[PDB]
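Chain and residue survey
The lines below spell out each chain.
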Amino acid sequence: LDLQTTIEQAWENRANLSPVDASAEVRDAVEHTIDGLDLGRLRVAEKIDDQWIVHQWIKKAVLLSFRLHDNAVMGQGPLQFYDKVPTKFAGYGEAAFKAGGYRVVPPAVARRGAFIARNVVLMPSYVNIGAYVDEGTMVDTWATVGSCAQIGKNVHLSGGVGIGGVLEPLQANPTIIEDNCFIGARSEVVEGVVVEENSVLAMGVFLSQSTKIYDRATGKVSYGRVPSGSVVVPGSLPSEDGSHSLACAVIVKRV
Amino acid sequence: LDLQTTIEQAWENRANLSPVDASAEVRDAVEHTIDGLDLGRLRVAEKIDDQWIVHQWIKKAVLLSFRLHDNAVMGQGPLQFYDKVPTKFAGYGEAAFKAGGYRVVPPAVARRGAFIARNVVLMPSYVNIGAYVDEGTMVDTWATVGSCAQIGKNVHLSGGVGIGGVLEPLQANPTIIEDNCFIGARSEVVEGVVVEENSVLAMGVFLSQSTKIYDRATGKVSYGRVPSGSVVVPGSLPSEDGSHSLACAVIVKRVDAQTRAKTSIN
Amino acid sequence: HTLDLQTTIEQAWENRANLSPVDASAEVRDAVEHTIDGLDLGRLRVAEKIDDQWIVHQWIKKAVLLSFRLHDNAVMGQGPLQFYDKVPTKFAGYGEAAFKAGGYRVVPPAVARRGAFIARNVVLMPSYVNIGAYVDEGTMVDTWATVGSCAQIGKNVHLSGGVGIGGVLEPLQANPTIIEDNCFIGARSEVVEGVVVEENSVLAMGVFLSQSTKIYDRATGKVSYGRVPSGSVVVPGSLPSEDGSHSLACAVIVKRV
Ligand SMILES: [Cl-]
Ligand SMILES: [Cl-]
Ligand SMILES: [Cl-]
Ligand SMILES: [Cl-]
Ligand SMILES: [Cl-]
């Protein structure tokens, strides 16, 4: 399709693109892709045939949007900033917010190019570009939804929860929290880990691709994915000689 | 008429209340209750006869204050918001701030209906509606004091500490941190856990009602309360077959003068 | 009438009982203000490494502490976000020219206090940097991270999301928390109380280090405190009690590159 081809050609030529040197065609393809992300009409990853697939060209558009803009002053006084990515809600009035159907509790901020669905509550928190936050999700205080992350419907991201961004590598799927999950306070899920639907993480669960996930029912370690309905708590596995343990995640039940 | 009685009847009638139809009697009682919370004249829970007591009617007022207001735009420039609870300080002038006796370090925010006592320092942090933060307490950077939480005097909530909110169920006591406690960085205390006076939590202690609290000196496991004078650190308990352990909280000792020196050094 | 900064500060420190916002000589106020200016610009720093040893400049900490005593709280804010504090924010009044000269990025709603140095090519995601901190070139401060007072962060450091680096102002003689060049500090980790993480080290998510934390070297079985040796990879773990009934969490060095 139109946008994708233009973005892919611009990507190959990115060494020659700058905020002062970019064609109308390139600028417009990037802007239209960011617009589509901001409205949820495009998404960095989606679930097709029961498998999450990533659209690398959309990540390329996001990265180009950084290359095509200089930093600019934003704000005033004790809240003065300098960045090249617009915030999502600058210039919104009552009509735009009423239309979006979500709440933005001060001092929450999202970047333009993140999609926030109806009935979401953003307590003070941060939602980065490319993220998709689906209907009914609660993002609690000092939580973070990182770049490109896909948050399902009726998810609860508790206080201080971090969902790690994945813009580069281009080939890598983003971090995914599927529908109805509860992610307990202080937990972190990063690096493209997939938490499948209906799962529960206790407080303080830290998952990357390298984290051992010990399944108490089977005695086996796995990585990168929490099966649907799993209850995951922090634990540890002992060394062979008994001198120490290393922390891991433990699946204690599956519902 | 009686403020509590007005609130209790409005609660029974809550299905028929909205931002466009509610009697003046009802709007005035809710607003007066939130005003009392904001000023510290009312509090959601209080300690009486050595026990924490919750005032359900004050929680009912907080919940009605959500039902009685629509979301509204607030904010300037790049920081634009949309919510139905006013921030605490939007209408404060220099005289109000001078009179309060506390400090609010940018970009800290509290909601209207939270009480902040004299000599408190709010580093960048969030204090939610119904919370009470008593005298001399330090709320450090990116900490959170959740809805209805009661924080005692001379408490140190370290960086990134979360005190969980409790509104529903109405009868449930809020999360309580009693006087002179130190709560180490990244710790979370939620769901009405009580940390009793003169206790110290190390970094990374996570307490809910289901967390095992293992007392090293007695080998006993308890839930829901840190006994006064306890030092609590992260640990774990082994499974019966030895294949793995599950993290828990461990009371390793009681607070001694060395503990006090280390939790006041900076 | 006007002396160098250090002498003026040390003199004023001895009189710190008699000093307030209303009574304070112009000489003392100017000296404090100029010391903070130097911190803000990176011309001065609370601690620096000399002869391969980190040393602290107590007089600079004295100036920071005096800056609190000499200033009243002041209103500041906009719209629903209203504050009241005695330490100015770093970027008040900055336009394009000041930010272009600094060479760093400040992503809303990140805030830093005046008296923190931010080097070129730093990215401050929403985060906080307190007075006296020094954040060196190319470092990434990720979302809801904190660089506490006087902390020294080296070049090309990655402070991941929710990382806290603890402040050390008092005691005067104590070295601040130090994260040396090229370190990666994983999400939710905390390094406080003057712990030193030496260059090229990697902390996994959820590593909490204070002076009281056991650092268990898996290769040797040895426990140490207060310092991560250069090149160490550190993860959360635990050590078992003598009777086997429980374990206590610690940091474990799993390898060293
Ligand atoms: Cl699934
Ligand atoms: Cl091992
Ligand atoms: Cl078990
Ligand atoms: Cl800080
Ligand atoms: Cl032990």
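How each quantity is defined
- Residues numbered from 1 in each chain as written, not as in the entry; some residues may be left out.
- Chains lettered and ligands numbered in written order.
- Heavy atoms only, no water.
- Residues with missing side-chain atoms left out of burial classes, pairs and counts.
- UniProt positions renumbered as here; feature names shortened; annotations may be inferred.
- Pairing = 2+ DSSP bridges.
- Helix = DSSP H or I, 4+ residues; strand = E, 2+ residues; numbered from the N terminus.
- Axes fitted to C-alpha atoms, helices over the stretch in contact; angles between N-to-C directions.
- Parallel < 35°, antiparallel > 145°, perpendicular 65-115°, else oblique.
- Left-handed = near helix turned anticlockwise from the far one by under 90°.
- Contact = heavy atoms within 4.5 Å.
- Nonpolar A, V, L, I, M, F, W, Y, C, P; charged D, E, K, R; others polar.
- 1 Å grid on protein atoms, 1.4 Å probe; cavity = no way out; pocket = protein on both sides within 12 Å on 5 of 7 lines; lining within 4 Å.
- Points joined across faces, edges and corners; volume = space filled by probe spheres on them.
- Domains from an automatic or database assignment.
- Buried area = accessible area lost by both parts, 1.4 Å probe.
- Salt bridge = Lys/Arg side-chain N within 4 Å of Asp/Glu carboxyl O.
- Polar contact = N/O pair within 3.5 Å; in protein donor to acceptor, adjacent residues only side chain to side chain.
- Expected span 1.5 Å × (residues − 1).
- Buried < 20%, exposed > 50% of the residue type's maximum accessible area, 1.4 Å probe, protein only.
- Disulfide = S-S within 2.5 Å.

In terms of determination method and resolution, the entry is listed under X-ray crystallography at 1.45 Å.

Taking the PDB entry as the reference, chain C is identified by name as 2,3,4,5-tetrahydropyridine-2,6-dicarboxylate N-succinyltransferase belonging to Bordetella pertussis Tohama I. Here the PDB entry title reads "Crystal structure of 2,3,4,5-tetrahydropyridine-2,6-dicarboxylate N-succinyltransferase (DapD) from Bordetella pertussis (succinyl-CoA bound)". Per its UniProt entry, chain C bears the Pathway comment "Amino-acid biosynthesis; L-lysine biosynthesis via DAP pathway; LL-2,6-diaminopimelate from (S)-tetrahydrodipicolinate (succinylase route): step 1/3." Heading Sequence similarities of the UniProt record for chain C holds this comment: "Belongs to the transferase hexapeptide repeat family."

Chain A goes by 2,3,4,5-tetrahydropyridine-2,6-dicarboxylate N-succinyltransferase in the PDB entry, where it is assigned to Bordetella pertussis Tohama I. Its UniProt record, at the heading Pathway, says of chain A: "Amino-acid biosynthesis; L-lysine biosynthesis via DAP pathway; LL-2,6-diaminopimelate from (S)-tetrahydrodipicolinate (succinylase route): step 1/3." Word for word, the UniProt comment on chain A under Subcellular location is "Cytoplasm".

**With respect to the pairing of strand β3 (residues 72-76) of chain A**
Residues and elements named next belong to chain A. Judged from the 5 bridges that link them, β3 and strand β4 (residues 79-83) form a sheet pairing that is antiparallel. When the sheet's bridge partners are listed, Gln76 is paired in β4 with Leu79. Hairpin geometry of β3 and β4 is characterised by an intervening segment of 2 residues between the two adjacent antiparallel strands and by a positive phi of about 65 degrees at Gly77.

**Some words on the sheet that holds strand β12 (residues 143-145) of chain B**
Residue and element names in this part refer to chain B. Sheet architecture is open: 6 strands sit in the order β6-β9-β12-β15-β18-β21, paired in parallel fashion. Each end of this open sheet is capped by a strand with a single partner; those strands are β6 (109-110) and β21 (206-207). Inspection of the sheet shows strand β15 (residues 162-163) paired to strand β18 (residues 188-189) by 2 bridges, in the parallel sense. Bridge assignment links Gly162 to a residue of β18, and that residue is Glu188.

**Some details on the packing of helix α2 (residues 24-39) of chain A against helix α3 (residues 56-67) of chain A**
All names here are of chain A. Running from N to C, α2 and α3 point in directions that differ by 115 degrees, and their axes come no closer than 9 Å. Compared by their axis directions, α2 and α3 come out roughly perpendicular. With respect to the hand of their crossing, α2 and α3 are arranged in left-handed fashion. Residues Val30, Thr33, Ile34 and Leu37 of α2 pack against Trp57, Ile58, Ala61, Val62, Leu64 and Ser65 of α3. A per-class count over the contact of α2 with α3 returns 8 nonpolar, 2 polar and no charged.

**Digging into empty space enclosed by the protein**
Residue and element names in this part refer to chain C. Taken as a whole, the largest cavity spans an internal volume of roughly 90 Å³. Considering the residues around the largest cavity, the lining is formed by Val32, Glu33, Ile36, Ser67, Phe68, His71, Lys86, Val87, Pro88, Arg114 and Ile131. Breaking the lining of the largest cavity down by element, the ones donating at least two residues are α2 (26-41) and α3 (58-69). Taken together, the residues that form the lining of the largest cavity break down as 6 nonpolar, 2 polar and 3 charged.

**Notes on the domain arrangement of chain A**
Residue and element names in this part refer to chain A. Domain assignment breaks chain A into domain 1 (2-70) and domain 2 (86-254). For domain 1 and domain 2, the distance between their C-alpha centres works out to 24 Å. In this complex, domain 1 contributes 21 residues to the contact, which on the side of domain 2 involves 22 residues. Summed over both partners, the interface of domain 1 with domain 2 comes to about 1,900 Å²; 60% of that surface belongs to carbon and sulfur atoms. Considering only the surface of domain 1 that becomes buried against domain 2, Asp38, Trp52 and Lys59 emerge as the three largest contributors, covering 34% of it. For the pair domain 1 and domain 2, the number of links is 3 salt bridges. Along the contact surface separating domain 1 from domain 2 lie 11 residue pairs in polar contact. Within the residue set of the side of domain 1 that touches domain 2, elements represented by two or more residues are α2, β1 (45-48), β2 (51-54) and α3. Class assignment of the residues belonging to the side of domain 1 that touches domain 2 gives a composition of 12 nonpolar, 3 polar and 6 charged.

**Looking at α2 of chain C**
Residue and element names in this part refer to chain C. The end-to-end C-alpha distance of α2, which contains 16 residues, comes to 22 Å, matching closely the 22 Å that a straight helix rising 1.5 Å per residue would cover. Every buried residue of α2 is accounted for by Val28, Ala31, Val32, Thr35, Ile36, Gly38, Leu39 and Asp40. Packed against the buried residues of α2 are α1 (5-14), α3 and β7 (117-118). Two residues or fewer after α2 comes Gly42, characterised by a positive phi angle close to 80 degrees.

**What about α2 of chain A?**
Since the α-helix packs 3.6 residues into each turn, any two residues three or four apart lie on the same face. All names here are of chain A. For α2, spanning 16 residues, the distance from its first C-alpha to its last is 22 Å, which sits close to the expected 22 Å at 1.5 Å a residue. Within α2, burial applies to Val26, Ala29, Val30, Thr33, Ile34, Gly36, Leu37 and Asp38. Looking at the buried positions of α2, the neighbouring elements they touch are α1 (2-12), α3 and β7 (115-116). Count one or two residues on from α2 and you reach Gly40, which has phi positive near 80 degrees.

**Thoughts on the state of the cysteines**
The tally for this structure, following the rule as stated, stands at 0 disulfides over all chains. Here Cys148 of chain A is not cross-linked by a disulfide; its sulfur's nearest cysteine counterpart is in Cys181 of chain A, at 19 Å. Looking at the unpaired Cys250 of chain C, the closest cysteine sulfur is the one in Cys248 of chain A, lying at 14 Å.

**A word on the pairing of strand β25 (residues 230-238) of chain A**
All names here are of chain A. The element β25 is extensively covered by neighbouring structure, given that 7 of its 9 residues are classed as buried. By the bridge criterion, 2 bridges tie strand β20 (residues 200-201) to β25 in an arrangement that is parallel. Considered in β25, the bridge of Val200 is made with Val231. Examined bridge by bridge, β25 and strand β26 (residues 245-254) share 9 bridges and lie antiparallel to one another. Within β26, the position partnered with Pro234 by the bridge is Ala249.

**Comments concerning the sheet that holds strand β19 (residues 194-195) of chain A**
Residues and elements named next belong to chain A. Strands sit in the order β7-β10-β13-β16-β19-β24 across an open sheet of 6 strands; the sheet is parallel. Of all strands in the sheet, those bounded by a partner on one side alone are β7 and β24 (225-226). Relative to strand β16 (residues 176-177), strand β13 (residues 150-151) runs parallel, the two sharing 2 bridges. Opposite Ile151, over in β16, you have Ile177 as the bridge partner.

**Points about the side chain of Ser187 of chain A**
Residue and element names in this part refer to chain A. Within the secondary structure, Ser187 sits in the loop between β17 (182-183) and β18 (188-189). Relative accessible area serves as the criterion here: at 0%, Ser187 is assigned to the buried category. Within the structure, the side chain of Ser187 is placed 3.0 Å from the backbone oxygen of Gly184, a separation counted as a polar contact. Within polar-contact distance, the side chain of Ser187 engages the backbone nitrogen of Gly204 at 3.4 Å. The contact partners of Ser187, leaving out residues within four places of it in the chain, are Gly160, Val161, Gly162, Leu201, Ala202, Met203, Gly204, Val205 and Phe206.

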